[PDB]
>>> print(open('query_17.txt').read())   # compact mmCIF, N, CA, C and O atoms
# COMPACT_ATOMS: atom_id res chain seq x y z
N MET A 1 101.16 154.19 170.45
CA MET A 1 99.86 153.49 170.37
C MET A 1 99.64 152.97 168.94
O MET A 1 99.82 153.71 167.97
N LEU A 2 99.24 151.69 168.82
CA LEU A 2 99.00 151.02 167.52
C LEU A 2 97.50 151.12 167.19
O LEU A 2 96.67 150.52 167.88
N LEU A 3 97.15 151.90 166.16
CA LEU A 3 95.76 152.13 165.75
C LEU A 3 95.48 151.39 164.43
O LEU A 3 96.06 151.71 163.38
N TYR A 4 94.61 150.38 164.52
CA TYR A 4 94.19 149.56 163.38
C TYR A 4 92.71 149.80 163.11
O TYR A 4 91.93 150.06 164.02
N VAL A 5 92.36 149.76 161.83
CA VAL A 5 90.98 149.87 161.35
C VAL A 5 90.66 148.62 160.51
O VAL A 5 91.41 148.28 159.60
N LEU A 6 89.59 147.91 160.85
CA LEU A 6 89.03 146.82 160.03
C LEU A 6 87.73 147.33 159.42
O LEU A 6 87.04 148.14 160.04
N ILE A 7 87.40 146.89 158.20
CA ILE A 7 86.14 147.30 157.54
C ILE A 7 85.44 146.09 156.90
O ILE A 7 85.97 145.45 155.99
N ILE A 8 84.25 145.76 157.42
CA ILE A 8 83.40 144.72 156.85
C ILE A 8 82.34 145.39 155.96
O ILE A 8 81.37 145.97 156.47
N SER A 9 82.55 145.33 154.65
CA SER A 9 81.65 145.92 153.65
C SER A 9 81.88 145.25 152.29
O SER A 9 82.99 144.80 152.00
N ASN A 10 80.82 145.16 151.49
CA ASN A 10 80.89 144.64 150.11
C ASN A 10 80.97 145.81 149.12
O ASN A 10 81.50 145.65 148.01
N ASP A 11 80.44 146.99 149.52
CA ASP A 11 80.44 148.19 148.67
C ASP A 11 81.87 148.70 148.48
O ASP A 11 82.45 149.25 149.42
N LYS A 12 82.41 148.49 147.27
CA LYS A 12 83.77 148.92 146.89
C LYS A 12 83.99 150.41 147.17
O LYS A 12 85.02 150.78 147.70
N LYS A 13 82.97 151.22 146.87
CA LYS A 13 83.04 152.69 146.99
C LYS A 13 83.16 153.11 148.47
O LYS A 13 83.94 154.01 148.79
N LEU A 14 82.41 152.43 149.36
CA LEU A 14 82.45 152.68 150.81
C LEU A 14 83.84 152.28 151.37
O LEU A 14 84.42 153.01 152.19
N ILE A 15 84.35 151.11 150.91
CA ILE A 15 85.66 150.57 151.31
C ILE A 15 86.80 151.53 150.93
O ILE A 15 87.65 151.85 151.76
N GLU A 16 86.78 151.97 149.66
CA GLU A 16 87.82 152.84 149.08
C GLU A 16 87.85 154.18 149.80
O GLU A 16 88.91 154.60 150.24
N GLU A 17 86.66 154.81 149.97
CA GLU A 17 86.51 156.11 150.67
C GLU A 17 87.12 156.08 152.08
O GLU A 17 87.82 157.01 152.49
N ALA A 18 86.81 154.99 152.82
CA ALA A 18 87.34 154.76 154.17
C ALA A 18 88.87 154.56 154.15
O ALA A 18 89.60 155.14 154.95
N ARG A 19 89.34 153.72 153.20
CA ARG A 19 90.76 153.32 153.09
C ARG A 19 91.66 154.50 152.73
O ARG A 19 92.80 154.58 153.18
N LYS A 20 91.11 155.43 151.91
CA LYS A 20 91.79 156.69 151.55
C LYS A 20 92.09 157.49 152.81
O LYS A 20 93.23 157.89 153.03
N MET A 21 91.04 157.66 153.66
CA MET A 21 91.14 158.41 154.93
C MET A 21 92.17 157.78 155.87
O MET A 21 92.88 158.50 156.57
N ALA A 22 92.21 156.44 155.88
CA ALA A 22 93.15 155.69 156.70
C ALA A 22 94.60 155.98 156.29
O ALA A 22 95.42 156.29 157.13
N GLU A 23 94.89 155.93 154.97
CA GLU A 23 96.25 156.18 154.43
C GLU A 23 96.68 157.65 154.67
O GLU A 23 97.83 157.92 155.03
N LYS A 24 95.71 158.57 154.51
CA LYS A 24 95.88 160.02 154.75
C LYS A 24 96.11 160.31 156.25
O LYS A 24 96.81 161.26 156.60
N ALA A 25 95.52 159.47 157.13
CA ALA A 25 95.66 159.59 158.60
C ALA A 25 96.80 158.69 159.13
O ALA A 25 97.16 158.78 160.31
N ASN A 26 97.36 157.84 158.23
CA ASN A 26 98.41 156.85 158.56
C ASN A 26 97.93 155.88 159.66
O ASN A 26 98.51 155.80 160.76
N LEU A 27 96.82 155.20 159.35
CA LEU A 27 96.21 154.14 160.16
C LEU A 27 96.17 152.87 159.30
O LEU A 27 95.83 152.94 158.11
N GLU A 28 96.49 151.71 159.90
CA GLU A 28 96.53 150.43 159.18
C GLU A 28 95.10 149.89 159.00
O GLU A 28 94.53 149.29 159.91
N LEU A 29 94.52 150.15 157.81
CA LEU A 29 93.17 149.67 157.47
C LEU A 29 93.30 148.37 156.68
O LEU A 29 94.09 148.28 155.72
N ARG A 30 92.51 147.37 157.08
CA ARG A 30 92.49 146.03 156.48
C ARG A 30 91.04 145.66 156.16
O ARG A 30 90.15 145.77 157.02
N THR A 31 90.81 145.26 154.91
CA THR A 31 89.49 144.96 154.38
C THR A 31 89.09 143.53 154.77
O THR A 31 89.77 142.56 154.41
N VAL A 32 88.01 143.42 155.55
CA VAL A 32 87.48 142.15 156.06
C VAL A 32 86.23 141.73 155.27
O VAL A 32 85.35 142.56 154.99
N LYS A 33 86.17 140.44 154.92
CA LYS A 33 85.00 139.82 154.28
C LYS A 33 84.11 139.15 155.35
O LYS A 33 83.06 139.68 155.72
N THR A 34 84.59 138.01 155.87
CA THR A 34 83.79 137.09 156.68
C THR A 34 84.27 137.05 158.14
O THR A 34 85.20 137.78 158.51
N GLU A 35 83.61 136.20 158.97
CA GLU A 35 84.02 135.91 160.36
C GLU A 35 85.42 135.30 160.37
O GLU A 35 86.21 135.59 161.27
N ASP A 36 85.71 134.46 159.35
CA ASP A 36 87.04 133.83 159.17
C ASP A 36 88.12 134.91 159.12
O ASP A 36 89.11 134.81 159.83
N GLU A 37 87.87 135.96 158.32
CA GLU A 37 88.82 137.06 158.08
C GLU A 37 88.89 138.03 159.27
O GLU A 37 89.97 138.56 159.56
N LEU A 38 87.75 138.25 159.95
CA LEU A 38 87.68 139.16 161.11
C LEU A 38 88.53 138.56 162.24
O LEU A 38 89.37 139.25 162.81
N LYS A 39 88.34 137.25 162.48
CA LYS A 39 89.11 136.49 163.47
C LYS A 39 90.58 136.40 163.05
O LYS A 39 91.45 136.51 163.89
N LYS A 40 90.82 136.22 161.74
CA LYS A 40 92.17 136.04 161.14
C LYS A 40 93.05 137.28 161.37
O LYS A 40 94.26 137.16 161.64
N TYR A 41 92.43 138.46 161.29
CA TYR A 41 93.09 139.74 161.59
C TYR A 41 93.25 139.93 163.11
O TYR A 41 94.29 140.42 163.56
N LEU A 42 92.24 139.52 163.91
CA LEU A 42 92.33 139.57 165.39
C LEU A 42 93.50 138.69 165.90
O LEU A 42 94.21 139.10 166.82
N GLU A 43 93.70 137.51 165.26
CA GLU A 43 94.82 136.59 165.53
C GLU A 43 96.15 137.33 165.36
O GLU A 43 97.05 137.23 166.20
N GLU A 44 96.23 138.10 164.26
CA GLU A 44 97.43 138.85 163.86
C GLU A 44 97.80 139.90 164.93
O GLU A 44 98.97 140.05 165.28
N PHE A 45 96.78 140.61 165.44
CA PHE A 45 96.96 141.74 166.38
C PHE A 45 97.29 141.29 167.83
O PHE A 45 97.69 142.12 168.66
N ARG A 46 97.14 139.98 168.12
CA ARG A 46 97.42 139.42 169.47
C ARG A 46 98.92 139.50 169.82
O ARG A 46 99.29 139.81 170.96
N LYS A 47 99.78 139.23 168.81
CA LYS A 47 101.25 139.15 168.99
C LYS A 47 101.84 140.51 169.43
O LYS A 47 102.93 140.57 170.01
N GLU A 48 101.10 141.59 169.14
CA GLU A 48 101.52 142.98 169.41
C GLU A 48 100.40 143.73 170.16
O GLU A 48 100.21 144.94 169.98
N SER A 49 99.67 142.99 171.02
CA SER A 49 98.65 143.57 171.91
C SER A 49 99.32 144.37 173.05
O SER A 49 99.46 143.91 174.19
N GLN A 50 99.77 145.59 172.69
CA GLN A 50 100.48 146.50 173.58
C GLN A 50 100.09 147.94 173.20
O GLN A 50 100.61 148.50 172.22
N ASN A 51 99.11 148.50 173.94
CA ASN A 51 98.53 149.84 173.67
C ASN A 51 97.93 149.87 172.25
O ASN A 51 98.13 150.82 171.49
N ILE A 52 97.20 148.80 171.90
CA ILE A 52 96.61 148.61 170.56
C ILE A 52 95.09 148.81 170.65
O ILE A 52 94.45 148.42 171.65
N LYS A 53 94.51 149.44 169.63
CA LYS A 53 93.07 149.70 169.51
C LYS A 53 92.66 149.44 168.07
O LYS A 53 93.34 149.87 167.13
N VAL A 54 91.55 148.71 167.88
CA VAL A 54 90.99 148.41 166.55
C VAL A 54 89.62 149.11 166.40
O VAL A 54 88.87 149.22 167.37
N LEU A 55 89.34 149.61 165.19
CA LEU A 55 88.04 150.21 164.83
C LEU A 55 87.43 149.42 163.67
O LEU A 55 87.95 149.46 162.56
N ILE A 56 86.32 148.70 163.92
CA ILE A 56 85.65 147.87 162.90
C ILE A 56 84.41 148.61 162.36
O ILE A 56 83.46 148.83 163.11
N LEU A 57 84.45 149.00 161.07
CA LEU A 57 83.31 149.65 160.39
C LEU A 57 82.55 148.59 159.61
O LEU A 57 83.08 148.02 158.66
N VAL A 58 81.32 148.32 160.02
CA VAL A 58 80.48 147.29 159.40
C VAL A 58 79.37 147.96 158.58
O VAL A 58 79.17 149.17 158.67
N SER A 59 78.66 147.16 157.78
CA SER A 59 77.57 147.66 156.93
C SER A 59 76.22 147.53 157.65
O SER A 59 75.43 148.49 157.73
N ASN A 60 75.97 146.33 158.20
CA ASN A 60 74.68 145.96 158.81
C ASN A 60 74.85 145.73 160.32
O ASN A 60 75.97 145.54 160.81
N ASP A 61 73.70 145.72 161.03
CA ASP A 61 73.63 145.39 162.47
C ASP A 61 74.02 143.92 162.73
O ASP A 61 74.43 143.57 163.84
N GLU A 62 73.87 143.08 161.68
CA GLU A 62 74.30 141.68 161.68
C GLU A 62 75.81 141.57 161.95
O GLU A 62 76.24 140.89 162.90
N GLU A 63 76.62 142.28 161.13
CA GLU A 63 78.09 142.31 161.28
C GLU A 63 78.50 143.11 162.52
O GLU A 63 79.57 142.87 163.08
N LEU A 64 77.67 144.12 162.88
CA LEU A 64 77.90 144.95 164.08
C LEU A 64 77.99 144.08 165.34
O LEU A 64 79.00 144.10 166.05
N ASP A 65 76.93 143.28 165.57
CA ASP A 65 76.84 142.41 166.75
C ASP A 65 77.86 141.27 166.65
O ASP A 65 78.44 140.86 167.66
N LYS A 66 78.09 140.79 165.41
CA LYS A 66 79.04 139.70 165.12
C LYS A 66 80.47 140.10 165.53
O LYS A 66 81.13 139.37 166.27
N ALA A 67 80.90 141.28 165.07
CA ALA A 67 82.28 141.77 165.26
C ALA A 67 82.52 142.22 166.70
O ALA A 67 83.66 142.15 167.18
N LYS A 68 81.45 142.70 167.40
CA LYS A 68 81.52 142.98 168.85
C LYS A 68 81.83 141.69 169.62
O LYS A 68 82.74 141.68 170.45
N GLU A 69 81.08 140.62 169.31
CA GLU A 69 81.22 139.30 169.99
C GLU A 69 82.63 138.74 169.80
O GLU A 69 83.26 138.32 170.77
N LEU A 70 83.12 138.80 168.55
CA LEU A 70 84.45 138.31 168.17
C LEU A 70 85.56 139.08 168.91
O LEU A 70 86.49 138.47 169.45
N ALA A 71 85.41 140.42 168.96
CA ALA A 71 86.35 141.32 169.65
C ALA A 71 86.44 141.03 171.16
O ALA A 71 87.54 141.02 171.72
N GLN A 72 85.27 140.79 171.79
CA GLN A 72 85.17 140.54 173.25
C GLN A 72 85.73 139.16 173.62
O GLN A 72 86.37 139.01 174.66
N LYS A 73 85.50 138.15 172.75
CA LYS A 73 86.05 136.78 172.91
C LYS A 73 87.59 136.80 172.85
O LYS A 73 88.26 136.05 173.58
N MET A 74 88.13 137.67 171.98
CA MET A 74 89.58 137.90 171.86
C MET A 74 90.08 138.89 172.94
O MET A 74 91.28 139.05 173.12
N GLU A 75 89.12 139.58 173.61
CA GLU A 75 89.39 140.61 174.64
C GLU A 75 90.33 141.73 174.13
O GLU A 75 91.01 142.40 174.92
N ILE A 76 90.35 141.95 172.79
CA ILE A 76 91.14 143.02 172.16
C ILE A 76 90.34 144.33 172.25
O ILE A 76 89.11 144.32 172.11
N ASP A 77 91.04 145.44 172.50
CA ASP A 77 90.42 146.75 172.75
C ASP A 77 89.87 147.36 171.44
O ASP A 77 90.59 148.02 170.69
N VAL A 78 88.58 147.09 171.15
CA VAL A 78 87.95 147.40 169.85
C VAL A 78 86.70 148.30 170.03
O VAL A 78 86.00 148.22 171.04
N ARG A 79 86.46 149.17 169.03
CA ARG A 79 85.20 149.91 168.85
C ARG A 79 84.57 149.40 167.56
O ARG A 79 85.19 149.50 166.49
N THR A 80 83.36 148.85 167.64
CA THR A 80 82.63 148.37 166.46
C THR A 80 81.51 149.38 166.16
O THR A 80 80.61 149.57 166.97
N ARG A 81 81.63 150.06 165.01
CA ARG A 81 80.69 151.10 164.55
C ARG A 81 80.01 150.63 163.27
O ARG A 81 80.67 150.05 162.40
N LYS A 82 78.71 150.88 163.15
CA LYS A 82 77.96 150.57 161.93
C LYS A 82 77.84 151.83 161.06
O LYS A 82 77.58 152.92 161.57
N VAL A 83 78.03 151.65 159.75
CA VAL A 83 77.93 152.71 158.76
C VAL A 83 77.04 152.24 157.60
O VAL A 83 77.15 151.09 157.13
N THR A 84 76.13 153.10 157.17
CA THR A 84 75.24 152.87 156.02
C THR A 84 75.65 153.78 154.85
O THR A 84 74.97 153.81 153.81
N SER A 85 76.78 154.49 155.02
CA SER A 85 77.26 155.53 154.10
C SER A 85 78.78 155.75 154.31
O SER A 85 79.24 155.71 155.46
N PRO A 86 79.57 155.94 153.20
CA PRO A 86 81.05 156.13 153.27
C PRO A 86 81.49 157.30 154.18
O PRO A 86 82.45 157.15 154.92
N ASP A 87 80.76 158.44 154.13
CA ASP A 87 81.12 159.67 154.91
C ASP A 87 81.14 159.39 156.42
O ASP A 87 81.95 159.98 157.15
N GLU A 88 80.25 158.49 156.88
CA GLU A 88 80.19 158.06 158.28
C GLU A 88 81.44 157.23 158.64
O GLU A 88 82.04 157.45 159.70
N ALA A 89 81.83 156.30 157.74
CA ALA A 89 83.03 155.45 157.92
C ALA A 89 84.29 156.31 158.03
O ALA A 89 85.15 156.08 158.88
N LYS A 90 84.34 157.35 157.17
CA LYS A 90 85.46 158.29 157.09
C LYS A 90 85.54 159.15 158.37
O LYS A 90 86.65 159.47 158.84
N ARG A 91 84.36 159.52 158.92
CA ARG A 91 84.27 160.31 160.16
C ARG A 91 84.90 159.54 161.34
O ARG A 91 85.76 160.08 162.03
N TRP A 92 84.44 158.29 161.56
CA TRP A 92 84.93 157.45 162.67
C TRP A 92 86.45 157.23 162.61
O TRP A 92 87.09 157.16 163.65
N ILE A 93 87.00 157.14 161.38
CA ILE A 93 88.45 156.95 161.17
C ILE A 93 89.22 158.22 161.57
O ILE A 93 90.26 158.14 162.23
N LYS A 94 88.67 159.40 161.16
CA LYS A 94 89.22 160.71 161.55
C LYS A 94 89.27 160.85 163.08
O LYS A 94 90.33 161.12 163.63
N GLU A 95 88.13 160.61 163.75
CA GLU A 95 88.00 160.78 165.21
C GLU A 95 88.90 159.78 165.98
O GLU A 95 89.54 160.14 166.96
N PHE A 96 88.95 158.53 165.49
CA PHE A 96 89.78 157.44 166.06
C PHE A 96 91.28 157.79 165.97
O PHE A 96 92.08 157.38 166.82
N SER A 97 91.64 158.56 164.93
CA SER A 97 92.99 159.06 164.72
C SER A 97 93.30 160.20 165.71
O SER A 97 94.32 160.15 166.42
N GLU A 98 92.40 161.21 165.78
CA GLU A 98 92.60 162.44 166.58
C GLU A 98 92.67 162.14 168.09
O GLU A 98 93.55 162.64 168.80
N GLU A 99 91.71 161.33 168.56
CA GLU A 99 91.61 160.92 169.97
C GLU A 99 92.67 159.87 170.33
O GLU A 99 93.02 159.70 171.50
N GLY A 100 93.18 159.17 169.29
CA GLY A 100 93.98 157.97 169.48
C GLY A 100 93.13 156.84 170.06
O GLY A 100 93.61 156.02 170.83
N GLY A 101 91.84 156.84 169.67
CA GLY A 101 90.81 156.06 170.34
C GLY A 101 90.50 156.63 171.71
O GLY A 101 91.37 156.63 172.59
N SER A 102 89.28 157.13 171.91
CA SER A 102 88.81 157.60 173.22
C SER A 102 88.47 156.36 174.10
O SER A 102 88.90 155.23 173.78
N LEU A 103 87.75 156.57 175.20
CA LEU A 103 87.28 155.47 176.06
C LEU A 103 86.34 154.55 175.25
O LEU A 103 86.73 153.43 174.89
N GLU A 104 85.12 155.05 174.96
CA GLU A 104 84.16 154.42 174.01
C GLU A 104 83.66 153.03 174.47
O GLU A 104 82.94 152.35 173.72
N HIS A 105 84.00 152.63 175.71
CA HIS A 105 83.59 151.33 176.29
C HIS A 105 82.34 151.56 177.15
O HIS A 105 82.37 151.47 178.38
N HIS A 106 81.24 151.92 176.46
CA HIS A 106 79.95 152.25 177.11
C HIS A 106 79.32 151.00 177.74
O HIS A 106 78.60 151.09 178.74
N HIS A 107 79.64 149.84 177.16
CA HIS A 107 79.14 148.54 177.63
C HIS A 107 80.25 147.48 177.46
O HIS A 107 80.64 147.17 176.34
N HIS A 108 80.77 146.97 178.59
CA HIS A 108 81.72 145.84 178.61
C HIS A 108 81.18 144.67 179.45
O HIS A 108 81.82 143.61 179.54
N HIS A 109 79.98 144.86 180.06
CA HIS A 109 79.31 143.83 180.89
C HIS A 109 78.69 142.76 179.96
O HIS A 109 77.52 142.86 179.56
N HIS A 110 79.50 141.77 179.59
CA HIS A 110 79.11 140.69 178.68
C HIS A 110 79.36 139.33 179.38
O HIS A 110 78.37 138.68 179.81
>>> encode(input="query_17.txt", output="structure tokens")
Amino acid sequence: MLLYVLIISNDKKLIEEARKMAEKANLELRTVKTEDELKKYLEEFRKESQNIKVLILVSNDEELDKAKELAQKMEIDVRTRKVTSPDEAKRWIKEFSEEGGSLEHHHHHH
């Protein structure tokens, strides 16, 4: 199973804390800025869409809803979680590693 983590955040400290956990868990974490970059990484993951799961950690509800929409349009198997603190971002990366991504598809009726 291919486990990828994307992170939409401007806070360097939140990004670094999350990215440390990713390297320690051996998960491919990629730092996302804009919709251009979120889609640009989704483009990349299409070529190897075979038992693949992405975890997008955003800062605001703005990027939360944005990255959900982008993920569903690409139909890539993604969990979009919002974090207001680095420890929360680090938690979701730990759990996404241990479970190998659980179900987590509470709403797919779009």
>>> closest_residue(input="query_17.txt", among="A:77, A:27, A:70, A:1", to="residue 39 of chain A", atoms="all atoms listed in the file")
A:70
>>> residues_around(input="query_17.txt", residues="segment 8-20 of chain A", least_positions_apart="5", cutoff="4.5 Å", atoms="only N, CA, C and O atoms", output="number ranges by chain")
A: 32, 57-59, 86
>>> residues_near_point(input="query_17.txt", point="(95.7, 145.0, 168.1)", cutoff="7 Å", atoms="only C-alpha atoms", output="mmCIF file with N, CA, C and O atoms, in the frame of the given file")
data_model
loop_
_atom_site.group_PDB
_atom_site.id
_atom_site.type_symbol
_atom_site.label_atom_id
_atom_site.label_comp_id
_atom_site.auth_asym_id
_atom_site.auth_seq_id
_atom_site.Cartn_x
_atom_site.Cartn_y
_atom_site.Cartn_z
ATOM 1 N N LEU A 2 99.240 151.690 168.820
ATOM 2 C CA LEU A 2 99.000 151.020 167.520
ATOM 3 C C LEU A 2 97.500 151.120 167.190
ATOM 4 O O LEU A 2 96.670 150.520 167.880
ATOM 5 N N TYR A 4 94.610 150.380 164.520
ATOM 6 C CA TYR A 4 94.190 149.560 163.380
ATOM 7 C C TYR A 4 92.710 149.800 163.110
ATOM 8 O O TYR A 4 91.930 150.060 164.020
ATOM 9 N N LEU A 42 92.240 139.520 163.910
ATOM 10 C CA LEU A 42 92.330 139.570 165.390
ATOM 11 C C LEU A 42 93.500 138.690 165.900
ATOM 12 O O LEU A 42 94.210 139.100 166.820
ATOM 13 N N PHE A 45 96.780 140.610 165.440
ATOM 14 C CA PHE A 45 96.960 141.740 166.380
ATOM 15 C C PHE A 45 97.290 141.290 167.830
ATOM 16 O O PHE A 45 97.690 142.120 168.660
ATOM 17 N N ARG A 46 97.140 139.980 168.120
ATOM 18 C CA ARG A 46 97.420 139.420 169.470
ATOM 19 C C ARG A 46 98.920 139.500 169.820
ATOM 20 O O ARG A 46 99.290 139.810 170.960
ATOM 21 N N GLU A 48 101.100 141.590 169.140
ATOM 22 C CA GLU A 48 101.520 142.980 169.410
ATOM 23 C C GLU A 48 100.400 143.730 170.160
ATOM 24 O O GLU A 48 100.210 144.940 169.980
ATOM 25 N N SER A 49 99.670 142.990 171.020
ATOM 26 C CA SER A 49 98.650 143.570 171.910
ATOM 27 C C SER A 49 99.320 144.370 173.050
ATOM 28 O O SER A 49 99.460 143.910 174.190
ATOM 29 N N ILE A 52 97.200 148.800 171.900
ATOM 30 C CA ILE A 52 96.610 148.610 170.560
ATOM 31 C C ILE A 52 95.090 148.810 170.650
ATOM 32 O O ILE A 52 94.450 148.420 171.650
ATOM 33 N N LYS A 53 94.510 149.440 169.630
ATOM 34 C CA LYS A 53 93.070 149.700 169.510
ATOM 35 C C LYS A 53 92.660 149.440 168.070
ATOM 36 O O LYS A 53 93.340 149.870 167.130
ATOM 37 N N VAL A 54 91.550 148.710 167.880
ATOM 38 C CA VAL A 54 90.990 148.410 166.550
ATOM 39 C C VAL A 54 89.620 149.110 166.400
ATOM 40 O O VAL A 54 88.870 149.220 167.370
ATOM 41 N N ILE A 76 90.350 141.950 172.790
ATOM 42 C CA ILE A 76 91.140 143.020 172.160
ATOM 43 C C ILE A 76 90.340 144.330 172.250
ATOM 44 O O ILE A 76 89.110 144.320 172.110
#
>>> closest_residue(input="query_17.txt", among="A:103, A:29, A:83, A:93", to="residue 61 of chain A", atoms="all atoms listed in the file")
A:83
>>> select_by_dssp(input="query_17.txt", residues="chain A", states="strand (DSSP E)", output="number ranges by chain")
A: 2-8, 28-32, 52-58, 78-82
>>> closest_residue(input="query_17.txt", among="A:35, A:98, A:104, A:44", to="residue 79 of chain A", atoms="all atoms listed in the file")
A:104
>>> residues_near_point(input="query_17.txt", point="(87.0, 139.8, 166.0)", cutoff="10 Å", atoms="only C-alpha atoms", output="list in words")
residues 6, 35, 36, 37, 38, 39, 40, 41, 42, 43, 54, 56, 66, 67, 68, 69, 70, 71, 72, 73, 74, 75, 76, 78 and 80 of chain A
>>> axis_aligned_box(input="query_17.txt", around="segment 64-79 of chain A", padding_each_side="6 Å", output="lines of an AutoDock Vina configuration file")
center_x = 84.1
center_y = 143.0
center_z = 168.9
size_x = 26.4
size_y = 25.9
size_z = 24.0
>>> atom_distance(input="query_17.txt", atom1="atom CA of residue 63 of chain A", atom2="atom CA of residue 7 of chain A")
10.2 Å
